[PDB]
Amino acid sequence: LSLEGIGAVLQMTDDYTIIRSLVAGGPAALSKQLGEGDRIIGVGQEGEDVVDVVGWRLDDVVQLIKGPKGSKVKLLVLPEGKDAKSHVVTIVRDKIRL
Ligand SMILES: [Cl-]
Ligand SMILES: [Cl-]
């Protein structure tokens, strides 16, 4: 089994896409910039705007995150917490064995 993307396990709770876990050895795990509880509120492709994904269906969000090996994805991350502010994390996608 393989996947071309970042190696993040996502779950949807109350309109938010949230990191549940990271796939062992994947780009997300290797980055050290993502963790359980982080909310992904926007996704941008290279050179493009960061599209708001709050309230979307999870499969539609995943389709923006996955992509070709070597291409970059911008994730607008909102850490866990009532008054959290957001920041961007850039991950280089890879083909990962699950
Ligand atoms: Cl895939
Ligand atoms: Cl959903």
Side-chain angles (χ1 to χ4, degrees):
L1 288 172
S2 67
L3 184 144
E4 214 161 344
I6 70 170
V9 183
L10 308 173
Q11 60 97 349
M12 172 146 306
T13 295
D14 302 335
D15 298 350
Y16 288 111
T17 293
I18 310 180
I19 300 180
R20 179 72 74 195
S21 176
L22 300 180
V23 177
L30 289 168
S31 77
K32 301 301 181 173
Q33 303 305 300
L34 296 167
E36 181 177 10
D38 286 343
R39 292 164 285 180
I40 300 174
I41 63 167
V43 185
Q45 312 307 308
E46 184 167 355
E48 301 298 334
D49 296 342
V50 176
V51 176
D52 181 284
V53 297
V54 179
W56 286 30
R57 289 298 185 91
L58 189 58
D59 53 2
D60 291 328
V61 181
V62 167
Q63 195 286 339
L64 297 187
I65 295 174
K66 296 203 295 188
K69 171 178 178 173
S71 69
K72 292 188 287 178
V73 62
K74 293 179 288 190
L75 306 171
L76 183 60
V77 176
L78 183 68
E80 186 173 344
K82 183 180 174 183
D83 302 331
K85 300 292 178 280
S86 54
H87 67 276
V88 176
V89 171
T90 302
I91 303 297
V92 177
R93 301 167 172 140
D94 201 355
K95 199 165 196 298
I96 64 169
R97 280 285 303 280
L98 296 171

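This chain uses plain numbering: 1 for the first residue, then up along the sequence.
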To check you understand the geometry: which heavy-atom pair defines the closest contact between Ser86 and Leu78, and what is its length? N-CD1, 4.1 Å

Mind checking the CD1-CD1 spacing from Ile6 to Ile96? Nearest 0.5 Å is all I need. 9.0 Å

Measure the shortest side-chain to side-chain distance between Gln45 and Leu64 over non-hydrogen atoms and say whether it is less than 4.5 angstrom. yes

Suppose we screen for side-chain hydrogen bond (donor to acceptor under 3.5 Å, both in side chains). Which residues come up paired with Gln11, at least two apart in sequence or across chains? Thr13

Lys74 side chain vs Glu48 backbone, donor-acceptor pair below 3.5 Å: yes

Please find the pair of heavy atoms, one from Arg93 and one from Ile65, that lie closest to each other, and give the distance. NE-O, 2.8 Å

Between CG on residue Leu76 and CG on residue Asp52, distance to nearest 0.5 Å: 8.5 Å

Looking at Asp60, I want to see if its CG is surrounded by more than 12 non-hydrogen atoms of other residues, nucleotides or ligands under 6.0 Å. yes

For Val23 and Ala29, which heavy atoms make the closest approach, and how far apart are they? O-CB, 3.7 Å

Please determine whether residues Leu30 and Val9 belong to a single hydrophobic cluster, defined as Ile, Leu, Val, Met, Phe, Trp and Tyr linked transitively by side-chain heavy-atom distances below 4.5 Å. no

Test side-chain contact (heavy atoms from CB on, under 4.5 Å) applied to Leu58 - qualifying residues, sequence neighbours left out: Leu10, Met12, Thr17, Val62

With heavy-atom distances below 4.5 Å as the criterion, would you say the side chains of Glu4 and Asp94 are in contact? no

Measure the shortest side-chain to side-chain distance between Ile40 and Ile19 over non-hydrogen atoms and say whether it is less than 4.5 angstrom. yes

Find out whether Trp56 and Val51 are in side-chain contact, i.e. whether some heavy atom of one side chain is under 4.5 Å from a heavy atom of the other. yes

Sub-4.5 Å side-chain heavy-atom contact between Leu3 and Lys66: yes

Same cluster or not: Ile18 versus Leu34, using hydrophobic residues (I, L, V, M, F, W, Y) connected whenever any side-chain heavy atoms lie under 4.5 Å apart? no

Identify the heavy atoms of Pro79 and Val77 that sit nearest to each other, and give their distance. CD-O, 3.6 Å

How far apart are the C-alpha atoms of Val43 and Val50, what are their side-chain angles, what is the distance that settles it, and do they pass the side chain to side chain contact (heavy atoms under 4.5 Å, CB included) test? CA-CA 5 Å; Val43 185; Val50 176; 5.8 Å; no

Intermediate values then yes/no, side chain to side chain contact (heavy atoms under 4.5 Å, CB included), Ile41 and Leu75: CA-CA 8 Å; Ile41 63 167; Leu75 306 171; over 6 Å; no

When you look at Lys95 and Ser2, which way does the side chain to side chain donor-acceptor pair (under 3.5 Å) test go after all the steps? CA-CA 7 Å; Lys95 199 165 196 298; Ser2 67; 3.0 Å; yes

4.5 Å side-chain heavy-atom contact, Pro27 and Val92: no

My understanding is that only residues two or more places apart in sequence, or in another chain, count here; which of them pass side-chain contact (heavy atoms from CB on, under 4.5 Å) with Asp59? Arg57

